[PDB]
Structures are given as structure tokens and as C-alpha cells.
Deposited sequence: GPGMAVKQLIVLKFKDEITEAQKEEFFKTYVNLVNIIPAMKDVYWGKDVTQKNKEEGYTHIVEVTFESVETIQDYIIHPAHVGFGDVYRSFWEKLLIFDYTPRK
């Protein structure tokens, strides 16, 4: 199974309630994007690399059907102003 890791920092203007609604909306995308099987998210507690400033993590389990899906594109349309930086990684987890 294939995973997508999203690492992000929100702009300073964005409030806590706004972030909770951002993640809740992204989690509910699972029910309307057939490619999306699972989503978890989390906030970094240790701030080991605070020079970089990334604060949150999203784990999505599945990608082209998702990328152009209007729900996915629409989510990007609504919330793009929320994030100051963003890294995306796609990979197959192994041992």
C-alpha cells in the first residue's frame, strides 16, 4: 500500500480553531475520495528542528486519481492561504 506524508507549518495569523477545522475537513476527504483509504494527523511535540519551523504531520494511505479529484483540488483551493510551508513525500513503507 502507498502512503503520502505531508509536513507543514501554518502562517502565524491562523488560529487554533482554524487548524482543527482544516484537519477535520482533510480527514473527511476519505469518505468522498475512493483512492483515499486512511488519514491521520499529529502535531510535533518536541520541536527538535525549530529552525525549519514545521509543526504538523499528515499521514495519508492510498495517487493521480486523488491529485485531480475535484474534492482534493477543492480542498487545496479553500485552504492554500493557511500554510506557510509544505513538504510532500510519496513512498511505499517497508522493512
Not represented among the modelled residues are deposited positions 1-4, 67-71
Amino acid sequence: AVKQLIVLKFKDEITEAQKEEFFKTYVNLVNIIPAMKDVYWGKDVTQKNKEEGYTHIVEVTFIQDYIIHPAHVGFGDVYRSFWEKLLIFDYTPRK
From here on, numbers count along this sequence of modelled residues.
Do the C-alpha atoms of 66-74 or of 36-44 have the higher average B factor in the entry?
66-74
78-86 versus 21-29 - which carries the larger mean C-alpha B factor in the record:
78-86
